[PDB]
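Shown here is one chain on its own, the form deposited without ligand HY1, set out as structure tokens.
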């Protein structure tokens, strides 16, 4: 049917059969990534050619491969071998994570570090994190994971409250060798528990909260057809899901009268980096590329009703592949519902005596994921008025350390002896623009202040200026909250009735971008996070700002290499990449579990419609 429908279990099992038949999926092979490909731009597919891209890992040490399969025709369109030391390691496998603690438990260097701190190895949990690329030459080409320890005094104990600072071990997860055990010195291990479920910490629970029942007596106003095709209040789109990106939006279009007008071809969070700012050797290597290295969609929570999604929810249970190509379903991993959103438009006119009030509503599409100690919610919203917004919700338990006696300029104290190193959480939304079609262009709009004088004798005049970004070498922009900088995406060939190109305007939160030194490993690997806006000429292969392979990959791929092509983006098929994120200096209130914090962006019509598109909304 629709070439944008969600991958079915049947298709995932067929991809496995095809790889197998092709001799690409023997016993030593592991699927490190599997996802359906989008229909080629023009006519690269005849009827419907469903293709899947796969990254195949080899547990014996053999070179991995990147394969594209046509589940329709039962063919392997391509299968190339990867030189991982050059182009990057494959995302970490779930199974490689549990390896680290196990190996460490019989390591004499490890055991001695633990003994020096009087810790029972059986109680020391190990957080296996991505390694990144640093000065360890023997790591080039190997799949390394670094482990940090936390004491878990008992079964239901949150070990995050008991970091074991001064110790870290590097583990090669393929050869199963502990490559290094670094012990800088003993630090008292914070003794206070942070068991937020323990009545002796919570105290008696609140009995003051009364119920709020949200209901929809006739069901929702949106319709789901073809499994993931949503139609709501003029809006039309397809909700997709990829194990790497999570919820992905396709064909966002608005039905303006007789015509269905496209707005965004595809929207997704293409990358998410969480860089740490503690300069201690125990943690200066820590950087979570949640999308690129871990694959956030894989860790998507099974949302419970009444708990995570309140109201009249319509759930999608996406299917992903496990390490062997078998399909596993993420039950209720995606929530869809509409929510009241206050007042849309209001005016009490004296002259006419007419009082007009209209309520707003928004369509929500979300999922929550867990990456170790942290949990994140991804929300996409569609409003009656044509506005599109995204919201990231950060929660979970903060990553801890010991708090250095004598304080720290890169670590905050949360409890006695317990520290929390500073970090950021930066996202990259990839917006494949289709404003009334693919012939688009982007303009940077700045407020313009005028001087008092001729033509502006009263000095009250203020204007705005718009600069067309004509080629990629000019499309890497930074925010300017001071001059109200925004970016407008227009279709220079489609005009409204006032003879102006239709458009949409991007409103960014203007938060600080990547703070790390420009010549740091992280600045190079997360070069996208150093600027707020990048615009590129659309290309089939330009999918992630960090490139296809982020794990233990240095710079060389991603946005910086795409941009170098210096292509024409003026009235062309373009893609907008927007960087936005939080900068976190943990506060005592974030412990022992962190209250939800948020970040995001939104786009609003800008001369797209010929007048307000909500003049037909009923009073009800």
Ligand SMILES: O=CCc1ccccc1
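Positions refer to the first chain, counted from 1.
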209-217 set against 490-498, stretch whose average Cα temperature factor tops the other in the entry: 209-217
Given 223-231 and 504-512, the range whose Cα B-factors average higher in the PDB entry: 223-231
Between 279, 455, 327, 147, which one tops the list for C-alpha B-factor in the PDB entry? 455
The residue of 547, 342, 188, 372 with the maximal C-alpha B-factor according to the PDB record is 188
For residue 50, return the chain-relative third of its C-alpha B-factor as stated in the PDB record: lowest, middle or highest. highest
Third of the chain, ranked by Cα B-factor, where residue 57 sits: lowest
CA B-factor placement of residue 201, once the chain's modelled residues are sorted into thirds: highest
C-alpha B factor of residue 38, ranked within the chain: lowest, middle or highest third? highest
Sort the modelled residues of this chain by their C-alpha B factor and say whether residue 567 lands in the lowest, middle or highest third. lowest
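The following text describes the form solved in complex with ligand HY1, which does not appear among the structures shown.
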Any chance all of 97, 290 and 371 sit within 4.5 Å of ligand HY1 in the entry with it bound, going by non-hydrogen atoms? yes
If the cut-off is 4.5 angstroms on heavy atoms, which of these, 232, 544, 294, 383, is the one near ligand HY1 in the entry with it bound? 294
Sole residue of 388, 506, 127, 429 within 4.5 Å of ligand HY1 in the entry with it bound, by heavy atom: 127
Taking any heavy atom pair closer than or equal to 4.5 Å as contact, tell me whether residue 378 reaches ligand HY1 in the entry with it bound. no
Using the partner position in the entry with it bound, report whether residue 534 sits within 4.5 Å of ligand HY1, counting heavy atoms only. no
Is there any non-hydrogen atom of residue 160 lying within 4.5 Å of ligand HY1 in the entry with it bound? yes
Exactly one listed stretch (69-77, 441-449, 535-543, 127-135) reaches within 4.5 angstroms of ligand HY1 in the entry with it bound by non-hydrogen atoms, and it is 127-135
